[PDB]
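Secondary and tertiary structure notes
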Protein chains: 2
Amino acid sequence: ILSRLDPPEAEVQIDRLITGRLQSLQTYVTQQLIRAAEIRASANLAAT
Amino acid sequence: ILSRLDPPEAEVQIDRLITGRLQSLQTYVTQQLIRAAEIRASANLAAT
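Here we summarise the structure given alongside this text. In this document, every chain is numbered from 1 following its sequence as written, which may not correspond to the numbering used in the entry; residues for which no coordinates exist are not shown. For this description, chains carry letters from A and ligands carry numbers from 1, given in the order in which they are written. All values in this description refer to the chains shown, which are themselves only part of a larger assembly. As a convention, hydrogens and water are excluded, and side-chain values are obtained from all of the structure's heavy atoms.

Our focus in this paragraph is the relation of the copies chain A and chain B. With an axial shift of 0.1 Å and an RMSD of 0.5 Å, the rotation relating chain A to chain B amounts to 121 degrees. Here the copies are linked by what is in effect a three-fold axis. Relative to the rotation axis, the closest C-alpha in chain A is found at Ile-34 of chain A, a distance of 4.2 Å. Copies overlaid by least squares; the fit is on C-alpha atoms.

This is the structure in C-alpha cells:
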C-alpha cells in the first residue's frame, strides 16, 4: 500500500493496520496475564 | 443503513457498528475470564 499512493494517502491505510495489530497484541498480553496467574497458583500448591 | 445509503456509503457506517460491537463482546469475554478464575479458587477450597 504505502508503496503506491503518497504519504498523504499511505497514512490513512497505515493507520488501520496499526489499529488492528495493536488490538491483536493487547488481546495476547491480557490472556497471558490471566494464564500466568493460574500457573502461579499451581506452583504455590506444588511448593506446599 | 442498508435502506437509506448506497453500498459505498453504507460500508463506512457498518464498520462503525462492527468496531463497537466487537469491543463490547471482547470486554464481556475478558470479564468472564476474570470472574471464572475467582469461582475456580472457591471450588478448590470447597474440594479441600
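Facing five residues of chain A, the contacting portion of chain B comprises six residues. Note on definitions: buried area is the accessible-area loss of two parts on being combined, 1.4 Å probe, summed for both. It is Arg-16, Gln-23 and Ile-34 of chain A that lose the most area in chain A upon contact with chain B, and together they represent 71% of the buried surface on that side. Criterion for a salt bridge: a side-chain nitrogen of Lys or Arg within 4 Å of a carboxyl oxygen of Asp or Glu. Where chain A touches chain B, the interface holds one salt bridge. A salt bridge links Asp-15 of chain B to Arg-16 of chain A; the shortest N-O distance between them is 3.1 Å. Under the rule applied, a polar contact is a pair of N or O atoms within 3.5 Å (in protein, one hydrogen donor and one hydrogen acceptor; residues adjacent in sequence only if both atoms are side-chain atoms). The interface formed by chain A and chain B includes one residue pair in polar contact. Contact between two residues is taken to exist if any of their heavy atoms lie within 4.5 Å; hydrogens are not considered.

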